[PDB]
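Engineer: Okay, handing you the structure first.
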Amino acid sequence: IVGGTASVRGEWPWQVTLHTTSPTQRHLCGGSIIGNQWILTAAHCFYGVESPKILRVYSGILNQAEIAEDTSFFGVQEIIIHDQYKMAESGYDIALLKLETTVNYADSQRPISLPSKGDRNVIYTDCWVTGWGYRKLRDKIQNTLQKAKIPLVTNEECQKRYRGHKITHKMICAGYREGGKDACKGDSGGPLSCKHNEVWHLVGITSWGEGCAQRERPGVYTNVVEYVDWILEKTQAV
Ligand SMILES: O=C(N[C@@H](Cc1ccccc1)C(=O)NCc1cc(=O)[nH]c2ccc(Cl)cc12)c1ccc2[nH]c(=O)cc(O)c2c1
Ligand SMILES: [Cl-]
């Protein structure tokens with residue numbers, strides 16, 4: 001996260017840190033708890049991941065220092081990537097992780113509500129992006145979960161800012177005209193969370209951008225409301 005601040009413990013209790021054990025253990029991506037056995041994240045996080053067996057999900061984490069070899073984690077039973085996903089910049093950057101055990105909800109870890117299809121008209125004015133990513137384009141993974149308030153931009157505006165890309169209605173953008181605050185490397189798969197009427201929704205998934213925090217380069221997020229049928233369909237049994 002560029003231009004953000006340290007979070008309070010438990011203010012983002014849907015936020016997970018997804019780790020890989022290969023070759024040694026490190027943070028890979030963000031993700032959101034959406035159900036007792038379900039993390040929602042970005043499809044591009046699994047480039048070159050051959051097996052779900054090298055994945056570990058940590059919940060209720062503020063600082064990465066909390067993760068040691070004795071720290072408990074959720075194993076991943078199944079990675080489900082959207083079958084139309086080819087790569088982040090051309091959309092469909094959405095994946096589900098089916099955990100091996102279920103999350104026991106608490107003030108430290110519980111789920112975020114998916115957007116309603118009826119919410120497509122709501123103008124959100126209280127949106128935050130969170131993560132352990134870089135504080136600038138060349139940098140490293142941060143210890144403490146950062147947060148940044150960032151206004152959504154319209155798809156017409158965002159399209160103007162990426163004339164070499166096709167910014168579709170299944171993408172949503174957010175950023176300042178002058179830059180300054182943004183997601184950056186390490187943040188992807190994490191939530192773009194918008195509070196409306198005292199209720200938080202999972203409006204987007206951190207996907208990509210050109211650079212981090214540049215002027216006239218909004219962050220691009222998976223537009224979650226566009227995938228509520230896909231999520232329902234994929235999270236059923238057998
Ligand atoms: O590059 C990373 N993530 C990329 C995506 C990715 C994920 C997994 C493997 C390869 C690449 C990212 O966050 N991508 C999102 C992203 C990148 C960027 O440069 N600018 C942005 C501007 C706006 C928005 Cl919304 C997103 C971005 C990434 C992930 C985990 C890491 N762990 C480490 O221990 C050390 C790292 O250096 C590291 C880097
Ligand atoms: Cl472009």
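Lettering and numbering for the structure tokens are positional, with chains as A, B, ... in the shown order, residues counted from 1 in each chain, and ligands counted from 1 in the shown order.
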Can you pull out every residue within 8 Å of region 83-91 of chain A, counting only C-alpha atoms, but drop anything in the same chain fewer than 5 positions away, and send it as a ChimeraX atom specification?

Structural biologist: /A:43-44,165-166,168,170-171,207-208,222

Engineer: Take the residues from that selection and put them in a file with N, CA, C and O atoms, as a PDB file, in the first residue's frame.

Structural biologist:
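So the final result, stored in selection_32.pdb, reads:
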```
ATOM      1  N   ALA A  43      -6.907 -14.469  -9.370  1.00  0.00           N
ATOM      2  CA  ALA A  43      -6.462 -15.622 -10.126  1.00  0.00           C
ATOM      3  C   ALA A  43      -4.977 -15.565 -10.421  1.00  0.00           C
ATOM      4  O   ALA A  43      -4.330 -16.588 -10.399  1.00  0.00           O
ATOM      5  N   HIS A  44      -4.438 -14.374 -10.690  1.00  0.00           N
ATOM      6  CA  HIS A  44      -3.025 -14.232 -11.042  1.00  0.00           C
ATOM      7  C   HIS A  44      -2.073 -14.585  -9.915  1.00  0.00           C
ATOM      8  O   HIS A  44      -0.880 -14.743 -10.141  1.00  0.00           O
ATOM      9  N   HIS A 165      -5.440  -0.446 -22.939  1.00  0.00           N
ATOM     10  CA  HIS A 165      -6.168  -1.577 -22.343  1.00  0.00           C
ATOM     11  C   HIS A 165      -7.665  -1.451 -22.608  1.00  0.00           C
ATOM     12  O   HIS A 165      -8.159  -0.395 -22.956  1.00  0.00           O
ATOM     13  N   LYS A 166      -8.392  -2.530 -22.405  1.00  0.00           N
ATOM     14  CA  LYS A 166      -9.833  -2.496 -22.491  1.00  0.00           C
ATOM     15  C   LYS A 166     -10.322  -2.593 -21.056  1.00  0.00           C
ATOM     16  O   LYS A 166     -10.257  -3.654 -20.442  1.00  0.00           O
ATOM     17  N   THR A 168     -13.150  -2.918 -18.808  1.00  0.00           N
ATOM     18  CA  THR A 168     -14.537  -3.384 -18.980  1.00  0.00           C
ATOM     19  C   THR A 168     -15.399  -3.079 -17.748  1.00  0.00           C
ATOM     20  O   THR A 168     -14.873  -2.615 -16.723  1.00  0.00           O
ATOM     21  N   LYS A 170     -16.669  -5.300 -15.898  1.00  0.00           N
ATOM     22  CA  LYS A 170     -16.314  -6.258 -14.860  1.00  0.00           C
ATOM     23  C   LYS A 170     -15.050  -5.841 -14.114  1.00  0.00           C
ATOM     24  O   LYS A 170     -14.492  -6.634 -13.372  1.00  0.00           O
ATOM     25  N   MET A 171     -14.612  -4.599 -14.324  1.00  0.00           N
ATOM     26  CA  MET A 171     -13.475  -4.013 -13.608  1.00  0.00           C
ATOM     27  C   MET A 171     -13.918  -2.746 -12.936  1.00  0.00           C
ATOM     28  O   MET A 171     -14.830  -2.058 -13.387  1.00  0.00           O
ATOM     29  N   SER A 207      -6.158  -6.066  -8.368  1.00  0.00           N
ATOM     30  CA  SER A 207      -5.769  -6.803  -9.563  1.00  0.00           C
ATOM     31  C   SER A 207      -4.481  -6.245 -10.169  1.00  0.00           C
ATOM     32  O   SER A 207      -3.457  -6.915 -10.126  1.00  0.00           O
ATOM     33  N   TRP A 208      -4.496  -5.010 -10.676  1.00  0.00           N
ATOM     34  CA  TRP A 208      -3.306  -4.441 -11.339  1.00  0.00           C
ATOM     35  C   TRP A 208      -3.377  -2.928 -11.554  1.00  0.00           C
ATOM     36  O   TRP A 208      -4.416  -2.285 -11.391  1.00  0.00           O
ATOM     37  N   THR A 222     -10.953  -6.134  -9.710  1.00  0.00           N
ATOM     38  CA  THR A 222     -12.011  -6.982 -10.153  1.00  0.00           C
ATOM     39  C   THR A 222     -13.301  -6.429  -9.563  1.00  0.00           C
ATOM     40  O   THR A 222     -13.367  -6.164  -8.366  1.00  0.00           O
TER      41      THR A 222
END
```

Engineer: Hey, what's within 9 Å of region 20-33 of chain A if we count only C-alpha atoms and toss same-chain stuff fewer than 3 positions away? As a PyMOL selection string, please?

Structural biologist: chain A and resi 13-17+36-42+45-46+49+53-57+59+64+103+109-112+130-133+141+185-191+202+205-206

Engineer: So, with only C-alpha atoms as the atoms that count, which of A:108, A:121, A:71, A:236 lies closest to residue 10 (chain A)?

Structural biologist: A:108

Engineer: Residues of region 63-195 of chain A classed as helix (DSSP H, G or I) by DSSP on the backbone are to be reported as a PyMOL selection string.

Structural biologist: chain A and resi 64-66+88-90+117-119+155-161

Engineer: How about saving the chosen residues, N, CA, C and O atoms kept, as a PDB file, in the first residue's frame?

Structural biologist:
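Okay, result.pdb is ready:
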```pdb
ATOM      1  N   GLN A  64       3.048  -9.444  10.085  1.00  0.00           N
ATOM      2  CA  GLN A  64       3.647 -10.675   9.587  1.00  0.00           C
ATOM      3  C   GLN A  64       4.585 -11.293  10.611  1.00  0.00           C
ATOM      4  O   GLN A  64       4.905 -12.491  10.506  1.00  0.00           O
ATOM      5  N   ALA A  65       5.028 -10.504  11.597  1.00  0.00           N
ATOM      6  CA  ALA A  65       5.852 -11.072  12.665  1.00  0.00           C
ATOM      7  C   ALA A  65       5.097 -12.135  13.478  1.00  0.00           C
ATOM      8  O   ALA A  65       5.701 -13.021  14.084  1.00  0.00           O
ATOM      9  N   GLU A  66       3.773 -12.051  13.477  1.00  0.00           N
ATOM     10  CA  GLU A  66       2.936 -13.057  14.133  1.00  0.00           C
ATOM     11  C   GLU A  66       3.074 -14.440  13.513  1.00  0.00           C
ATOM     12  O   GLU A  66       2.789 -15.413  14.168  1.00  0.00           O
ATOM     13  N   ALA A  88      -4.354 -10.949 -15.659  1.00  0.00           N
ATOM     14  CA  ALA A  88      -4.978  -9.941 -14.822  1.00  0.00           C
ATOM     15  C   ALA A  88      -5.538  -8.787 -15.632  1.00  0.00           C
ATOM     16  O   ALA A  88      -6.665  -8.366 -15.426  1.00  0.00           O
ATOM     17  N   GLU A  89      -4.734  -8.276 -16.554  1.00  0.00           N
ATOM     18  CA  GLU A  89      -5.093  -7.093 -17.320  1.00  0.00           C
ATOM     19  C   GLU A  89      -6.230  -7.291 -18.285  1.00  0.00           C
ATOM     20  O   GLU A  89      -6.842  -6.320 -18.666  1.00  0.00           O
ATOM     21  N   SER A  90      -6.538  -8.526 -18.671  1.00  0.00           N
ATOM     22  CA  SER A  90      -7.693  -8.751 -19.535  1.00  0.00           C
ATOM     23  C   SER A  90      -8.895  -9.276 -18.760  1.00  0.00           C
ATOM     24  O   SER A  90      -9.831  -9.771 -19.347  1.00  0.00           O
ATOM     25  N   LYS A 117     -26.577  -7.179  -6.168  1.00  0.00           N
ATOM     26  CA  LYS A 117     -26.798  -6.703  -7.533  1.00  0.00           C
ATOM     27  C   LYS A 117     -27.605  -5.417  -7.558  1.00  0.00           C
ATOM     28  O   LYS A 117     -27.599  -4.701  -8.552  1.00  0.00           O
ATOM     29  N   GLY A 118     -28.322  -5.151  -6.466  1.00  0.00           N
ATOM     30  CA  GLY A 118     -29.100  -3.937  -6.324  1.00  0.00           C
ATOM     31  C   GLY A 118     -28.277  -2.749  -5.873  1.00  0.00           C
ATOM     32  O   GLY A 118     -28.800  -1.628  -5.829  1.00  0.00           O
ATOM     33  N   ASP A 119     -27.007  -3.008  -5.533  1.00  0.00           N
ATOM     34  CA  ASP A 119     -26.061  -1.987  -5.057  1.00  0.00           C
ATOM     35  C   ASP A 119     -25.303  -1.280  -6.200  1.00  0.00           C
ATOM     36  O   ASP A 119     -24.659  -0.260  -5.962  1.00  0.00           O
ATOM     37  N   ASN A 155     -15.774   4.211 -15.017  1.00  0.00           N
ATOM     38  CA  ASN A 155     -15.105   3.375 -16.010  1.00  0.00           C
ATOM     39  C   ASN A 155     -14.702   4.158 -17.262  1.00  0.00           C
ATOM     40  O   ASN A 155     -13.731   3.808 -17.929  1.00  0.00           O
ATOM     41  N   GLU A 156     -15.423   5.242 -17.546  1.00  0.00           N
ATOM     42  CA  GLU A 156     -15.091   6.130 -18.654  1.00  0.00           C
ATOM     43  C   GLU A 156     -13.790   6.848 -18.371  1.00  0.00           C
ATOM     44  O   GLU A 156     -12.918   6.932 -19.227  1.00  0.00           O
ATOM     45  N   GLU A 157     -13.682   7.385 -17.161  1.00  0.00           N
ATOM     46  CA  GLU A 157     -12.463   8.046 -16.666  1.00  0.00           C
ATOM     47  C   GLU A 157     -11.248   7.095 -16.655  1.00  0.00           C
ATOM     48  O   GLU A 157     -10.150   7.419 -17.159  1.00  0.00           O
ATOM     49  N   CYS A 158     -11.454   5.931 -16.049  1.00  0.00           N
ATOM     50  CA  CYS A 158     -10.431   4.924 -15.968  1.00  0.00           C
ATOM     51  C   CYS A 158      -9.975   4.477 -17.360  1.00  0.00           C
ATOM     52  O   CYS A 158      -8.794   4.265 -17.591  1.00  0.00           O
ATOM     53  N   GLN A 159     -10.915   4.346 -18.285  1.00  0.00           N
ATOM     54  CA  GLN A 159     -10.582   4.005 -19.669  1.00  0.00           C
ATOM     55  C   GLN A 159      -9.672   5.047 -20.307  1.00  0.00           C
ATOM     56  O   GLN A 159      -8.700   4.673 -20.979  1.00  0.00           O
ATOM     57  N   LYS A 160      -9.951   6.333 -20.048  1.00  0.00           N
ATOM     58  CA  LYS A 160      -9.097   7.429 -20.501  1.00  0.00           C
ATOM     59  C   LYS A 160      -7.660   7.295 -20.005  1.00  0.00           C
ATOM     60  O   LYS A 160      -6.737   7.722 -20.701  1.00  0.00           O
ATOM     61  N   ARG A 161      -7.488   6.724 -18.801  1.00  0.00           N
ATOM     62  CA  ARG A 161      -6.170   6.563 -18.151  1.00  0.00           C
ATOM     63  C   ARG A 161      -5.413   5.309 -18.579  1.00  0.00           C
ATOM     64  O   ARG A 161      -4.230   5.198 -18.301  1.00  0.00           O
TER      65      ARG A 161
END
```

Engineer: List as an MDAnalysis selection string the protein and nucleic acid residues lying within 6 Å of ligand 2, with only C-alpha atoms and all ligand atoms counted.

Structural biologist: chainID A and resid 162:165

Engineer: Using C-alpha atoms, can you export the residues from the last selection as a JSON list (two decimals), in the first residue's frame?

Structural biologist:
```json
[["chain", "number", "residue", "atom", "x", "y", "z"],
["A", 162, "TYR", "CA", -5.49, 3.18, -19.84],
["A", 163, "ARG", "CA", -5.97, 3.80, -23.56],
["A", 164, "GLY", "CA", -3.88, 0.73, -24.43],
["A", 165, "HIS", "CA", -6.17, -1.58, -22.34]]
```

Engineer: Taking into account only C-alpha atoms and all ligand atoms, which residue in the set A:176, A:105, A:221, A:12 is nearest to ligand 1?

Structural biologist: A:221
